[PDB]
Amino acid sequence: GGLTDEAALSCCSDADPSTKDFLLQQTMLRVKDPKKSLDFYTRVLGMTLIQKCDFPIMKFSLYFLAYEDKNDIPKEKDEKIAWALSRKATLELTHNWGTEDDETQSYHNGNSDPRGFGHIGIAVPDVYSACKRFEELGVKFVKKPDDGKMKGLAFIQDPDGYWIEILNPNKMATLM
């Protein structure tokens, strides 16, 4: 039903040299309550808060989370922004002020109509031990590692309900 491998490659062009230093820097998700999101991403997932930016006229804050050593965060405020925003693979959480206190408000995770965004995914050394720890911490699951046909791969959800895939790259090929 889909493209063949050769048809897909027929649509691919070699990377133009003007793009050689481009990097996929961030994925932005809006979060209802930053206190709950910061606790989940740092305590449960082990990410580090590398930069916090506040925009008082726009009435929002940005929280940059990444798998980085906090000791690599520069001291100078200008060098800190240039370093945080040049890290690959960051998660940018947007807090629109006041959502945490609004009962009628909630964000949409993209996995039910209207669909679009699906998930972020974390590569781990051991899906089963990571998931046993998530169960112990009361994390909500979308798919446990041994549920469904795709055994050894899981999906959990964050406080806003966004999906997070948990995968071990060294054990994926046997699923084909």
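One-based numbering along the sequence shown.
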Residue stretch of maximal mean CA temperature factor, 69-77 vs 98-106: 69-77
Mean C-alpha B-factor comparison - 29-37 and 52-60, higher one: 52-60
Which of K140, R133, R43, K149 ranks first by CA B-factor in the deposited coordinates: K149
Among modelled residues of the same chain, the CA temperature factor third for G118: lowest
Assigned third (lowest, middle, highest) for the C-alpha B factor of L93: lowest
Third of the chain, ranked by Cα B-factor, where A154 sits: middle
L9, C-alpha B-factor rank within chain (lowest, middle or highest third): middle
CA B-factor placement of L167, once the chain's modelled residues are sorted into thirds: lowest
